[PDB]
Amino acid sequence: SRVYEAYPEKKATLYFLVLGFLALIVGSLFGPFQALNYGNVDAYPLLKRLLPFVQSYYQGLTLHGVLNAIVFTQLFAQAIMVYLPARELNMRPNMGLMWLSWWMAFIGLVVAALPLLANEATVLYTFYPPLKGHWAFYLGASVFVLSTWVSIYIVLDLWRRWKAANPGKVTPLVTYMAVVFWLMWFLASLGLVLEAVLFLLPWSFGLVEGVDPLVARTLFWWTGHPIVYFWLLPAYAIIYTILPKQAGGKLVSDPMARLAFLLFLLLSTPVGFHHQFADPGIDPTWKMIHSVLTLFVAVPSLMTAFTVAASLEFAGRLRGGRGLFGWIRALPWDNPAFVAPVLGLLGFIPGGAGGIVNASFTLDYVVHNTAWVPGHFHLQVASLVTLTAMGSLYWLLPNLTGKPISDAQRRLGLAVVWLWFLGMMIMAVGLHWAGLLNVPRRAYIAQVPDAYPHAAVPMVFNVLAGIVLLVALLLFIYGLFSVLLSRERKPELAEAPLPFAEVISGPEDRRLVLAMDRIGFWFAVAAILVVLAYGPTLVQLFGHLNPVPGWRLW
């Protein structure tokens, strides 16, 4: 087509997107079987017939975590947070670099995947030493992640070129979001990169004998918190700058949207000890400081809740809805593009509430390493982030391919989205409630059927969620491939503009925007906070290293 000659960035974006959804599908296959497990039903003998390379529950669990939480979410982030700013500025990104990023991602995936498939790295997506995976797993994971440094370069390049042509102008809203997003990720990424380079790689190749597990976990959770905000912020970008148009209204505030993203730049990285409240050898004072900073990282989503609800109420009133609740009925509940993230946002209320409990230092001892935790995070990433990505089939995919969505495909989409959402809610009840009964996460509980009798009722919810989400996944697969493999094309769809929302403006807004646009300053503040929050403890740990030998227990 001549459309990809003018807009080659459409084709690269599509490749990120498709690869990402294939990952989501393969990783999600294991979910229903894990849910049935948490219902005391053992369906793994059947799964091994279908997929004979699967040797255990925990190998299935590794694939699930890696493919869904690391691979799908990264590739979605890379697609959304490069292509959207490019389209807002109407400038082409460096296509050499953009293709280089895709090939790094694809090669790292293939390399990591092989030991995963051969039962050589059954260590879960957190890969905590001294459990020792195959070298290809760590090498592949490292190359996959480093792919993002090239994306960071590509957006900073776009931003700089725009500033050179538009001196004295404030950064446009979507591009401001992406620049602070990618700068945050650079700082965030250093924990894992350092862990891999100084420790996991030399160790897996045989160059050093052991690894200190405490320093490894500490470096991991430097990256391991801000990675979940890395997963979230692409959906937020869509929820702020695209969803309001789809609802029939406007974004009620540019500055409040900018402020939320800015707070994420500052507060997403210096908080990882909230994953280490139960670790020895880290001072309680530091745990409290990180606990306090974790409660502050809640503020931008508290802020987000009001700004987005007010935007949707505004759209609802424009479409003629009256009273307390009539604005809701007037929203376009027949469009899957609107419905999917909104359901996502509803489930994010209990999801966020659980997060705040988890952050509260001593309250974490009630719920740490129980089923509660997967209950929390499926509401966040497996519902809101994933559902937002699913809705983008219905506006983004035609914009990239020229393939229209039929009315039947629309209707199917509405079913998939509702069943997925309802499935996650049912599971959330079962896992939260089981967690309070002391049922552990990361456990093949079905193989010890008499061990948790007190949890018989929440287990029924887990079985049910298991089968509901099986049906939703099957319908999704069918729906995705109906759109992709469809014969009909319409190039006028690929040349149309993206449905960016308009903004309501106030005299206040320009003074605020200028202060927020001093991105060099704000980046420097975020770097210093990481150094203060992490430096003193790392100096102490590197001073007293105690490396220990590796083990293979699978």
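Heads up, when I say rigid core I mean the largest set of C-alphas that superpose within 1.5 Å between the two forms. One rule holds for the numbers: they count along the sequence shown, beginning at 1.
- Root-mean-square C-alpha deviation from the shown form, taken over all structures in 4 other deposited structures of this protein superposed by the rigid core, is larger for 504 to 512 than for the alternative among 65 to 73 and 504 to 512.
- Between stretches 321 to 329 and 172 to 180, greater average Cα displacement in 4 other deposited structures of this protein relative to the shown form, fitted by the core, falls on 321 to 329.
- Mean CA B-factor, 440 to 448 versus 165 to 173: the higher value falls on 165 to 173.
- Checked against the record, the higher mean CA B factor of 475 to 483 and 269 to 277 lies with 475 to 483.
- Comparing the C-alpha B-factors of 380, 126, 223, 392 in the entry, the top value falls on 392.
- Out of 70, 496, 61, 35, the entry records its largest CA B-factor for 496.
- Remark: residue 311 belongs to the middle third of its chain, ranked by C-alpha B-factor as recorded.
- Per-chain ranking of the deposited C-alpha B factor places residue 7 in the highest third.
- Sort the modelled residues of the chain by CA B factor and residue 283 lands in the highest third.
- The PDB entry assigns residue 132 a C-alpha temperature factor belonging to the middle third of its chain's modelled residues.
- In the deposited entry, the Cα temperature factor of residue 423 places it in the lowest third of its chain's modelled residues.
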